[PDB]
Amino acid sequence: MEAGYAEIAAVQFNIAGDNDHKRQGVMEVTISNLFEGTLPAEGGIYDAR
Amino acid sequence: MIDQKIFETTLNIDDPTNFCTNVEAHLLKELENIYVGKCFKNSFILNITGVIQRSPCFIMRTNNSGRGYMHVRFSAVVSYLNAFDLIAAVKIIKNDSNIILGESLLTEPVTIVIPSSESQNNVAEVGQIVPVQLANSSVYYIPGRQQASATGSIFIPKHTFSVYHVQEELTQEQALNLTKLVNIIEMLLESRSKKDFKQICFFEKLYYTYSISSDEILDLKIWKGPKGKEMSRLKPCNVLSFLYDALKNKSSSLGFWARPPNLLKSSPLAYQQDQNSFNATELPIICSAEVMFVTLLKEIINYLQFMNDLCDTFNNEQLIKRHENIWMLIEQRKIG
Amino acid sequence: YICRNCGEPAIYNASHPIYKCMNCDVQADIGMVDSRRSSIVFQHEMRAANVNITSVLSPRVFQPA
Amino acid sequence: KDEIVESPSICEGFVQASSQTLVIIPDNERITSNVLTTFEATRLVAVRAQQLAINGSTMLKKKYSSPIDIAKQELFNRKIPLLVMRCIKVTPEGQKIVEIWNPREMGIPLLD
Amino acid sequence: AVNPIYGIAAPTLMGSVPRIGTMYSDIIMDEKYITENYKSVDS
Ligand SMILES: [Zn+2]
């Protein structure tokens with residue numbers, strides 16, 4: 001697969017509800033432990049995802 | 001199933017000067033290199049039939065490279081798999097860890113996950129081509145993957161069936177949309193005619209719900225196959241003949257259309273009942289003639305393709321010897 | 001990389017094959033726009049404030065043919 | 001039965017712009033100038049020079065050691081293989097009305 | 001609000017370059033001229 005060349009023609013602004021946040025987000029923060037070892041703690045706010 | 005689809009995409013051209021020398025050939029080559037053998041827009045691309053439309057080889061404004069881009073709309077052959085499709089050849093790469101899964105060995109690549117919940121699934125062994133039916137869940141065509149992903153179980157003909165009620169008489173000028181499909185089934189039946197009748201009989205009696213060794217063969221010029229049981233001594237009608245009756249424009253479409261488990265699935269015959277003479281496992285579905293006829297035609301096409309693929313892939317008696325244990329699973333499950 | 005179907009930023013990686021859109025899932029149509037990391041950060045900041053930004057990619061144009 | 005409202009995602013209500021059709025104005029009906037503007041000549045030369053850097057095949061008989069000179073002499077000698085598209089209008093019906101101009105048959109401005 | 005991308009500020013804030021000056025007019029390749037004068041690399 002390849003991503004063809006494209007340009008932005010317009011921008012639409014809207015109020016983002018919780019549904020948009022749930023759909024767009026790639027993970028859910030559950031713990032307050034920032035770091036586990038050198039690598040970021042999984043489920044924290046620095047999760048590599 | 002195999003179908004014609006139209007996509008439209010944008011192709012980046014690294015050397016526009018060389019690309020434009022033979023635009024059609026270069027565009028076809030690029031489309032084949034990029035899209036053939038990958039899942040795109042909920043469809044698996046098999047080959048590129050042609051380029052319906054295209055645009056001039058523009059030059060990228062935003063970047064300072066001389067590279068160009070071309071909007072191309074192309075018609076290709078794609079494979080879409082619905083629910084309940086039957087896949088004759090499925091090799092089990094790894095039946096272990098209470099999870100099962102196998103890869104299709106047909107023109108439409110698929111990765112099917114078989115649950116360990118069912119005992120029949122656990123019985124199957126690795127390196128064994130086991131026929132499989134996809135579950136009711138839709139097939140997941142992740143873009144960019146070279147094979148579709150689905151969940152299925154070893155095909156065990158189920159006794160429960162459904163009855164369809166037609167409230168609208170035959171749709172007029174939609175008989176042509178149905179004829180598009182009768183053509184596909186005709187091609188499938190012509191293909192089935194070539195192979196030997198004995199292997200077809202073997203597989204039909206293996207997958208016939210009510211196994212019959214009587215060797216009695218219902219003979220229809222398009223279709224020949226061993227006969228089954230008779231319910232209420234009722235007379236089924238060939239779907240192809242009723243569709244041909246479109247010239248008459250009268251087809252008695254209202255009557256309940258149903259195919260009992262006894263009635264061979266590959267056979268075009270289906271029973272028409274004025275009332276709910278067929279036992280209704282579920283309340284007869286209130287559907288139009290379009291929905292029903294398309295449904296019955298799809299089911300028969302699925303079963304005919306299943307049978308042709310079964311005959312082709314098990315063309316060796318020794319492979320059948322290995323898979324007789326799978327056959328025993330099906331036979332043990334079969335009741336009558 | 002922006003998904004044409006939904007106009008939202010998407011996930012595309014060529015070396016490691018990734019062609020994914022969180023919103024559309026299947027039916028994703030990724031297109032590569034040229035931009036600046038500053039503009040990306042600006043859009044991410046605006047989204048953080050619960051202002052959804054949808055980018056309408058320029059339409060494809062074909063010869064009459 | 002009172003009905004509550006749950007706001008759908010914005011993406012669901014978004015419909016992408018439909019594909020357009022390129023409407024090329026006939027040669028005799030063009031109304032834009034037949035003399036390349038300085039911007040258009042500069043863009044043509046720059047694009048041709050970049051493509052020469054990509055692919056070195058050139059029609060010019062004389063030999064030069066720089067892509068810029070090759071592109072300049074191609075424009076001046078009317079051998080440049082590029083075309084100029086002037087987008088006039090984008091109608092709501094889904095048409096892109098444009099004018100296609102051939103640099104080799106156009107007037108060239110004073111670039112020096 | 002729906003904001004079309006025109007002028008200088010709007011493309012600039014979106015990371016793109018304004019479509020004016022040298023980028024006002026599109027440049028497309030002359031397929032007819034090339035197919036009669038140039039030869040494919042493979043050919
Ligand atoms: Zn999307």
Side-chain angles (χ1 to χ4, degrees), chain A residues 1-28 49, chain B residues 5-12 34-35 38-45 62 69 71-73 78 80 138-145 148-149, chain C residues 1-14 16-35 39-44 46-48 50-60, chain D residues 6-20, chain E residues 2-5 14-16:
Chain A
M1 299 261 93
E2 307 216 353
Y5 170 90
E7 308 199 355
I8 288 167
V11 175
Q12 312 190 346
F13 306 82
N14 279 298
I15 297 166
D18 41 345
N19 267 350
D20 300 292
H21 295 350
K22 292 190 248 243
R23 207 196 250 282
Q24 288 168 52
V26 310
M27 52 139 296
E28 301 215 353
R49 273 177 296 172
Chain B
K5 207 190 209 214
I6 292 167
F7 310 84
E8 61 188 40
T9 74
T10 308
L11 294 174
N12 302 340
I34 292 178
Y35 286 97
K38 283 163 230 307
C39 279
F40 191 58
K41 284 276 190 229
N42 216 354
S43 299
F44 188 73
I45 319 285
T62 56
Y69 61 102
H71 309 305
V72 54
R73 182 209 300 288
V78 299
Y80 189 71
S138 67
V139 180
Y140 204 49
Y141 290 97
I142 302 169
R145 301 291 177 86
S149 172
Chain C
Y1 302 98
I2 283 177
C3 179
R4 178 157 313 219
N5 192 60
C6 67
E8 309 260 17
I11 299 141
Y12 174 86
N13 192 305
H16 179 300
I18 304 172
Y19 198 92
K20 183 197 220 311
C21 167
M22 299 293 297
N23 302 59
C24 304
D25 182 64
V26 296
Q27 296 280 351
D29 215 348
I30 316 303
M32 96 188 192
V33 316
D34 289 295
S35 192
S39 190
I40 299 300
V41 167
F42 173 53
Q43 293 165 51
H44 277 334
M46 270 182 321
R47 293 172 185 120
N50 314 302
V51 183
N52 196 240
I53 308 302
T54 285
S55 321
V56 185
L57 295 193
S58 191
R60 287 182 189 115
Chain D
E6 182 186 61
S7 314
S9 179
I10 315 283
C11 54
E12 306 328 344
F14 178 75
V15 315
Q16 34 163 317
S18 75
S19 302
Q20 283 163 349
Chain E
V2 181
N3 174 15
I5 298 299
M14 278 303 106
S16 176

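When a ligand or atom number is given, it counts from 1 through the structure's own listing order. Lettering of chains follows the sequences in order, A, B, ..., and the numbering in each one begins at 1. What's counted below: heavy atoms across the whole structure, side chains too, no hydrogens, waters or symmetry copies.
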For this session: Check whether more than 12 heavy atoms from other residues, nucleotides or ligands sit under 6.0 Å from atom CZ of B:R145, and answer yes or no.
Result: no

For this session: Quick one: the SG of C:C21, the Zn ion (ligand 1), SG of C:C3 angle, rounded to 10°, please.
Result: 110°

For this session: Run the ring-centre check on B:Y35 versus B:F40 and record whether the distance is less than 6.0 Å.
Result: yes

Exercise. Between the Zn ion (ligand 1) and D:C11, is there an N, O or S atom separated by less than 2.8 Å?
Worked result: no

Without placing hydrogens or testing angles, list every side-chain donor-acceptor pair under 3.5 Å for residues 17-27 of chain C, not counting sequence neighbours.
residue: C:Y19; atom: OH; partner: C:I30; partner atom: N; Å: 3.1
residue: C:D25; atom: OD1; partner: B:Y140; partner atom: OH; Å: 2.2
residue: C:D25; atom: OD2; partner: B:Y140; partner atom: OH; Å: 2.9

Exercise. How open is the angle at the Zn ion (ligand 1) from atom SG of C:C24 over to atom SG of C:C6, rounded to 10 degrees?
Worked result: 110°

Exercise. Can you name the nearest heavy-atom pair linking E:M14 to C:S39, along with the distance?
Worked result: C-OG, 3.1 Å

